[PDB]
């Protein structure tokens, strides 16, 4: 009807061509599955290409290491909200994953022995947090994500993966609680496409563009997590948004955490290395949630830098210039383009900036999307997720640096391995209904001819400034409630939307309008879950509830303590639902998985005080 619909039949479909999407794509083709990869961008344009710091793995190239030490760092970094069974799988597969990347042709930096160079990063240590700073961040200078993605894209050219570049996925094809595939729009010719497959993998990235100032690309609009919301399925831990400590002032471009890992320090208006006061042990290499909160207090008290006193400096000129050109060549050019600063003489102005989304589509450690009904987890048949768009959850309330690129390839491969051990290639494609996805086209046509009062760019800016001022680093009850009533008003104001481009071929006005619907659904669940969560854990800091509320008071011996009921403590995942018609947010909770894959091989870490 009006739009020519093209039906496709595959064994599996992967939405997304980033780090996680590519690894799952040709991994399925490597297992013999007729696979389709649907992506709204050319694969090398995805936000993974902008990753700088590196990828963590206990290779032991700089000193003696152990992946169980990396396991402990991630669990403590997550503030005991991450699932320790997923963390176990990621940290154990980390050495084999990075070796697979180097064997693909990734031009890692090298040591005097010819092995992969590793630098220090924030929140990593040896001997289960007792043996000093660890050096397990494998990097390609400071262009690690650029080389990781280009290496993965080159490798994917060796398999029969049917690519569909610049296709915008609209919704999931659901039937009886099972996923039948995806429906998408071809941006080149303007035709609707329905991809039928037994399994579907969602690797669409995060939604950093819900805020006014972010490090993410313009295309990080959380399209896959919005499709999950429209399918009636929940999203997990969306209120945990990571603020990277050093985002450049103005343009918001990321200055890698590797700067502080090579010797960089932070100074305020008095030239004080103030991180020695907040974190006497970790100094500038503490966790990002701690460093970001430390920088914010220094600014709001009155020790900021610049003419407006709204930022601080990142000093690098004390380091030798050869190390700056060899280890950090990327940020040296970026600091000159977007600030006019020479890192060998003057520091870089930086401030906390929205960077990464800890929350996402809830999955198990195998990549299978799960729902939570009556206190038990239920694997959603035929639906998978990996990457930033998923919630393993390996990151919990705060992700450690260089752990996301690891997440991408580890759980992208896990999705392909899980499908290979569950289904057989060539099995009968699950049939759909002759009208599957008709509401997706009806929404696209409505926005295509929208002639209202508020244009799409006008509504997006109102959402971004609302999140920026109401769901910032430090939050409180009264301000979070004021942001909820605004976004719900903004979401209702989407009926007044107005577009100007009536074409269908490369109608970026229409495409960015669809992304606004996706950004709003992510913004609603983020700020509503933040208001409900009355505690302080990880990146979620409540100035009205400044304490971490677990099932026990782990700051004292548990001998003789009464366990807090599940409905009275907050050590649990937040599960959000949204009625897409009205915009009301419904919140439920599920317990955090504390078990590992093998207690004898990797001991579970009980909650304890978190300090750096």
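Positions refer to the first chain, counted from 1.
*With respect to the recorded C-alpha B factors, which stretch has the higher mean value, 389-397 or 476-484?*
Between 476-484 and 389-397, it is 476-484 that shows the higher mean C-alpha B-factor.
*554-562 versus 53-61: which one carries the higher mean Cα B factor per the record?*
According to the PDB entry, the answer is 554-562.
*Looking at 493, 73, 289, 515, which has the highest CA B-factor as recorded?*
It is 493.
_40, 47, 569, 573, ranked by C-alpha B-factor: the highest one_ = Of the candidates given, the C-alpha B-factor peaks at 569.
*Sorting the chain's modelled residues by C-alpha B-factor, tell me whether residue 425 ends up in the lowest, middle or highest third.*
Its C-alpha B-factor, which the entry lists for residue 425, ranks in the highest third among residues of this chain.
*Could you say whether, by C-alpha temperature factor, residue 270 belongs to the lowest, middle or highest third of its chain?*
For residue 270, the deposited C-alpha B-factor lands in the highest third.
*Where the record places residue 353 (Cα B-factor, split into thirds across the chain)*: Middle third.
*Consider only the C-alpha atoms of the modelled residues in this chain, order them by B-factor as the entry records it, and name the third containing residue 311: lowest, middle or highest.*
It belongs to the highest third of the chain when residues are ordered by C-alpha B-factor.
*Tell me, lowest, middle or highest third: where does the Cα B factor of residue 437 rank within its chain?*
It falls in the middle third of the chain.
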